[PDB]
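Any value given below was found using the heavy atoms of this structure, including those in side chains, with hydrogens, waters and symmetry copies removed. Atoms within each ligand, like the ligands themselves, are counted from 1 in listed order. Proteins get letters first, then strands, A, B, ... in listed order; numbering begins at 1 in each.
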Amino acid sequence: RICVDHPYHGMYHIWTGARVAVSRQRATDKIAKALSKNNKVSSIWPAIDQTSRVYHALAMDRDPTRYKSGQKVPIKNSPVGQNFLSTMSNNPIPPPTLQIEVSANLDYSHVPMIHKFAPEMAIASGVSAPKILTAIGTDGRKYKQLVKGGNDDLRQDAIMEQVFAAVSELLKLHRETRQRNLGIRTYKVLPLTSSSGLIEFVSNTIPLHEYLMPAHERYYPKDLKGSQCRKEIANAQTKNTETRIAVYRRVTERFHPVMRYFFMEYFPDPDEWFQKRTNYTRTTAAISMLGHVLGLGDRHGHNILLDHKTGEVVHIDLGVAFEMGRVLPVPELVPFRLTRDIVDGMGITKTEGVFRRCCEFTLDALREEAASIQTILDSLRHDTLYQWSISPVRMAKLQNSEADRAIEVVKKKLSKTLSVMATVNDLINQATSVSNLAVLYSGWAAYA
Amino acid sequence: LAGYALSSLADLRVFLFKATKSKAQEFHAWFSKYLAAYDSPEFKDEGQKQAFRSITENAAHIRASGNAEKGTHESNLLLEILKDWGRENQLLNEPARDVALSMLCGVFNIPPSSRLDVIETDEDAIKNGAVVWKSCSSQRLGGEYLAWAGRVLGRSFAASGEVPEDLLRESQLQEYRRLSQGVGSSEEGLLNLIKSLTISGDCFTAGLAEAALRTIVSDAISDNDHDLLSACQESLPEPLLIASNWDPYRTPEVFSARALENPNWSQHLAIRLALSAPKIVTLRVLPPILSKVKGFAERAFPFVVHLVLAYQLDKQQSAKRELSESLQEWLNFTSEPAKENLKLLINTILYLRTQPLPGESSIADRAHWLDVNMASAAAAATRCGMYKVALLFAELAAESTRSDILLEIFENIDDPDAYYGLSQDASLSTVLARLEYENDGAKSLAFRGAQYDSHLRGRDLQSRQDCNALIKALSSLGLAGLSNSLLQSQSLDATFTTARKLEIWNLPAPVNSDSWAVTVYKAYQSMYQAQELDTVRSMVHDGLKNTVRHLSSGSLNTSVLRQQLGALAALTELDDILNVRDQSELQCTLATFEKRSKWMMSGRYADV
Amino acid sequence: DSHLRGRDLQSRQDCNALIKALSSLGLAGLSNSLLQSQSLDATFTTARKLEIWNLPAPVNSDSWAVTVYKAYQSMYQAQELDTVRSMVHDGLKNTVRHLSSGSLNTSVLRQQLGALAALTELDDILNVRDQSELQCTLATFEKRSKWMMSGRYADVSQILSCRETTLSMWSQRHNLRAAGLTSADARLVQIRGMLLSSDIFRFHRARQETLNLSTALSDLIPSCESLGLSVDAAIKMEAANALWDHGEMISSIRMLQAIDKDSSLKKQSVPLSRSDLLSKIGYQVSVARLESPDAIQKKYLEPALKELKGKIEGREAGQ
Ligand SMILES: Nc1ncnc2c1ncn2[C@@H]1O[C@H](COP(=O)(O)OP(=O)(O)OP(O)(O)=S)[C@@H](O)[C@H]1O
Ligand SMILES: [Mg+2]
């Protein structure tokens, strides 16, 4: 009944389930056969069927010669590309990465369908080339998409994106966090198979590392490059803590933050500048507290996007949660990312003022909703397919009862024993400590 | 044709000796028939075609004055003009719209009730509030039009709790970016400024502007200047771009202090700068326009400064040296007659920060246009009430280094949390200052009572100020009787807020006061001392008019601004309940209160 | 408010109640303004706290506030100690005659006994002749503090407020003092009595009284530096204690660190050791988590043990 009333919210789950795992597959196959039999959803299920087949075929198709990392190839020179374009013309659907709100009136006609595809697609650097498609909708907007193939696990990312969105919705029920619009920015992950997915390409952002590494040499031509800092930190990785801390101090004495310019060169008007810098500080505070409470890790510069229209940060790739990150070979022993460049963008009063007050308001509202967060994590506990450890496949892809333990850690981070002021003080002390930042992995660019 | 028709029909309707009048009437009839029969493929959409039809038809039948009643011709015309003003592809232009508005709104007629009003719903008011504020920022508007504009702004604020964004901007960078559009150069900005003089001047001004444009476009066509050609082809429409070309034929002390105080500093300095660069054809045709036209020098100052500085970049940098030496004296200038030129200096510095220097690596080199001491500029912008500009300058200064002005910035900038990031030495007094900034309740009453006792006992002279603070605190709580007793022992807002809360309707209210509490108090007092609803309506309308006139006065911080908007909202709700006629209207007023509660749950606490 | 707005007749009684409330707090200026807008105890308690010595006191009144007020007023308007002794003795006599009158509840009874105690402390400090007697009076105050820590709050607050008035009036009236008692001595003894009362009021969790005392002490620093006294460190530490007990942790820590940075804790009457200051800063920084526990030990605790200077006995080293 859910898939019949709200097809764009249930039919991709049914498709993934069909195309104790054998029993689940059989039941979802029966539901799919029944869906392609009734009159309400009979022109929607075949469209999703054919379209998902061609999206998956396009995802799996990796050819190092035909798909060169960094280029921009017109998607008609492969047979997969032409089959994809034909099938997508013959079957109209909404863009699979568009977030559709649920309609109480049960009317999903006002939803933009895919009109056409831009002729070309970009390609990113990797082994299984992630391709960035663009779809022009009926209303004339551009929906970009990563068509991700390989052996990754997007269901972890999708589950955690849903959990984070639910907790941020909890934040709207309190006067102090609602007055400041404290919340997180969401995106859409859609797992197609156990090896492929569609990720929503967030519209007009730029990765934090792609801004920071050119800016460091543009504004300080006498400083070290970013690669030189990374190499100097990686060479002293198998040495005692004293040598690591000494090398880290030596490297950050020749590397100065440049984040304060992001706002001076995208917003030259002081009114806009002030508003966008406040947006940056507030969204950073909210995601810092929320990711401390849920153990969010893997917070390097390629998982953080800067929105250069509104100034706020977007966190993607949210799959390493519940402290899975301090089990890695070189552990991540910081509560959140608060390097010198993150703090440089906050202004002349570095962490005092907006950041610390918004951290305190967020944490105070979170530990007043510990029952609802317990309910959300309990719903997570009855999910058969969610893994509470990090399988060595992704653990090797990252650095070159488990439910009960995790939920108990979360529950004791929300305890009212200490005050919010003291808790936030301790968190900001251990997030900016040079003895904690010096022993982080080199790909987690802490010097930056 | 839309603007010409509107202006012509308006001036005829005002103009309507016997034979001349009959000829004018026959022309009016012929012209209205022509316009009714007019139809063009050049209409952007069909919305523009219906707007054209409505404007022309309603203008053809207006009276001498304007009103706001629902269904007349004058109110339909006013609503069309306002709806057209806020758009992207607008039919009218500034001179025609100004003529129409000075005809309609010169002598106005505000409806008694609000059920007979052309704007009566909260949604109409939210939609049209920005344009109605943009309109009531002239000088040729009657009192009843300002009362009507206050009613619309008050209904918009009571329905949304949001300030129109024209009241919140503090720099002119938006206008400089609207002018220098298409390419983004100062030449396009000057060309737009000069082009706007052809359609909006008298004979003399339009003649000067047409002469300037002819010189510029001809000397750009002959000399094959591609930059200036690209500026002209995007600043001027084609008919004006063709009438400016002599195709066969041939074309027929300031730099010192105390000069910031005469009201013609900008004009003299602009002429002095533009004369120093004869090779630029756009600056050569300026001194006539700068000297004749009024208010042109202030609008054109940044473009002139930038053009001169960019011209003599590789040559001997004379204007840079002179301006950067004078700025050391101009920025440290505390004066009332000099504030309005200091604003223009700050806006010029801001504008130069957005222009790329030729041969630059980063934006950190745009600090080389002039040589500004950013601490002095921050202090100057704090004196002028531009606190976000002051914060930006303070940050640039701090970068130049690698705190007495930062306190004045953070006390007044509009953010809940920024003030708490400033570091200041600790004491009971500083904690009290933070608690009174924070508007705490009993927590500041404790510290203030301790100070006040200690100052009364020691016969200190600060106790007076202490009492003041206490009264302020006791009004932020709701304890009105205590603040009344503290006032009777010897502010204005406190006096009249307390009198209204306790319902003491016999205070002699001052006349011509800038306090919102006095305005609201006079309305309620008149409601107490009156036997006819007409006296009360007159007092409410005088309150709305005076409040709008005070909002237009300019230099207000954000707290005072929102207090005035809340006074407008209060007077509008008073006027709404004074005009109920039956039970259904009473229930509709109650339902309106409920919807506004929906907005109020999340809004700022002072306004609510 | 609701009774003033509705022109109700109960507002009078409301005002009465309010004045009573505003005297149980310590907010004397507010109750003064509420009285001038038109009780007896409230009138004369407020007049004594604000030091308004020109009220015409009724004669033959059963109020303790009037008795104590007349004694202090006579202390203000007199050039000879004999007139003041006569007024104090008349007060004691009348108070005993009123206690003997019979029908008194327990609150009025204890108010009268506290009036007797106040008049006795006044008489004690009026009769000091040298420095040894001044130090003996201060030691008496300390022993009574030992009893006061656990006693009933009404009696303790009454006695302590009257003691504050006594010490300040004695410090002001230069002709009532003996020969060899300079103004620096009177000022120093007033400061010490106030700091003692602040300890007592702190144990009772009386926030407004510690606030009142620390404000009134901070106002004495200008007129203490002209008499040749160094009492800024103890008075600023009392201010920091008031802040900490109202919940302002960072303000208190910053204030104590300012005391430690720029102040000479050696040349200081009302002494203050550097190790107890350092350990106080360390404790407050640990409670607020303001620094990492590795800098707390490096900046505040090991410096404190080093400031002890080999002494391993006493209460300072114990702390
Ligand atoms: N949903 C998204 N929207 C916008 N940009 C994205 C999105 N996902 C990834 N990116 C960025 O696009 C690029 C693609 O990176 P990916 O191939 O997804 O993984 P990666 O992080 O770059 O590489 P590693 O090996 O995982 S560190 C990176 O610069 C990402 O920051
Ligand atoms: Mg990634």
Side-chain angles (χ1 to χ4, degrees), chain A residues 55 59 62 64 67-72 95-99 121-135 142-158 160-162 164-165 184-192 195-215 226-227 230 234 262 283 287 291 296-310 312-321 324-325 328 330 332 337 341-342 390 393-400 440-446 448:
Chain A
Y55 262 121
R62 46 191 157 189
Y67 301 132
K68 324 176 182 180
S69 305
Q71 303 305 131
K72 190 177 178 188
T97 62
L98 168 74
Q99 317 194 233
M121 67 181 181
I123 295 178
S125 301
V127 176
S128 189
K131 34 199 69 72
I132 298 95
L133 272 55
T134 312
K142 302 189 177 187
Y143 308 97
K144 308 187 57 179
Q145 300 155 358
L146 292 103
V147 187
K148 224 170 192 176
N151 38 339
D152 48 357
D153 270 357
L154 285 85
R155 207 197 184 263
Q156 299 296 112
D157 290 12
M160 287 323 290
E161 178 63 39
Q162 178 201 193
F164 273 84
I184 75 159
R185 288 274 308 272
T186 52
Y187 70 129
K188 175 127 171 203
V189 195
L190 179 69
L192 285 175
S195 48
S196 61
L198 305 179
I199 306 185
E200 181 194 275
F201 203 86
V202 182
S203 311
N204 40 49
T205 59
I206 180 182
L208 174 78
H209 210 243
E210 309 280 55
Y211 171 81
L212 282 187
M213 283 310 125
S227 44
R230 170 163 187 170
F262 177 86
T283 49
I287 198 57
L296 177 65
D298 195 43
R299 295 295 98 207
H300 55 94
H302 282 138
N303 283 334
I304 306 170
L305 313 172
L306 304 165
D307 186 13
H308 60 230
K309 294 299 174 189
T310 49
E312 38 210 15
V313 310
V314 195
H315 282 245
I316 61 184
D317 194 311
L318 298 176
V320 177
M324 293 173 210
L328 308 178
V330 198
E332 296 172 0
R337 185 175 190 99
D341 262 280
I342 269 64
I390 176 171
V393 275
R394 188 172 179 172
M395 176 174 287
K397 200 172 182 180
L398 282 181
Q399 291 208 7
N400 192 15
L440 287 174
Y441 180 56
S442 75
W444 205 104

Atoms in ligand 1 with a heavy atom of [X] nearer than 4.0 Å:
| X | value |
| --- | --- |
| A/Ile199 | 1 (N) |
| A/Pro207 | 29 (O), 31 (O) |
| A/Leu146 | 1 (N), 2 (C), 7 (C), 8 (N) |
| A/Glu200 | 1 (N), 2 (C), 3 (N) |
| A/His300 | 27 (S) |

(request) Identify the heavy atoms of A/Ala321 and A/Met160 that sit nearest to each other, and give their distance. (result) CB-CE, 3.8 Å
(message) Restricting to non-hydrogen atoms, name the atom on A/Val330 and the atom on A/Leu440 that form the minimum distance, rounded to 0.1 Å.
(response) CG1-C, 4.4 Å
For [atom], is some protein heavy-atom partner under 4.0 Å away?
| atom | result |
| --- | --- |
| atom 12 (O) of ligand 1 | no |
| atom 24 (P) of ligand 1 | no |
| atom 28 (C) of ligand 1 | no |
| atom 15 (O) of ligand 1 | no |
| atom 1 (N) of ligand 1 | yes |
| atom 8 (N) of ligand 1 | yes |
| atom 31 (O) of ligand 1 | yes |

Rounded distance [0.5 Å steps], [atom1] in [X] versus [atom2] in [Y]:
| X | Y | atom1 | atom2 | result |
| --- | --- | --- | --- | --- |
| A/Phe164 | A/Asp157 | CZ | CG | 11.0 Å |
| A/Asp152 | A/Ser195 | CG | OG | 8.0 Å |
| A/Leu305 | A/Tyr187 | CG | OH | 9.0 Å |
| A/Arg62 | A/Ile123 | CZ | CD1 | 13.5 Å |
| A/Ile206 | A/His308 | CD1 | NE2 | 7.5 Å |

(request) For A/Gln162, look at atom CD and say whether over 12 heavy atoms of other residues, nucleotides or ligands are found less than 6.0 Å away. (result) no
(message) Quick check on A/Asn400: does its CG atom have over 12 non-hydrogen neighbours (other residues, nucleotides or ligands) under 6.0 Å away?
(response) no
(request) Examine distances only and state if a side-chain atom of A/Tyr211 and a backbone atom of A/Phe262 form a donor-acceptor pair shorter than 3.5 Å. (result) yes
Shortest protein heavy-atom distance from [atom], along with the residue and atom involved:
| atom | answer |
| --- | --- |
| atom 10 (N) of ligand 1 | A/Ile316 CD1, 4.1 Å |
| atom 21 (O) of ligand 1 | A/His302 CB, 3.5 Å |
| atom 18 (O) of ligand 1 | A/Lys148 NZ, 3.5 Å |
| atom 17 (O) of ligand 1 | A/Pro130 CG, 4.0 Å |

(request) Pick, from A/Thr97, A/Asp157, A/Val202, A/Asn204, the option with the minimum heavy-atom distance to atom 3 (N) of ligand 1. (result) A/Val202
(message) If the test is salt bridge (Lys or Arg N to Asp or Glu O under 4.0 Å), which one of A/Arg394, A/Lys397, A/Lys148 qualifies with A/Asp317?
(response) A/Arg394
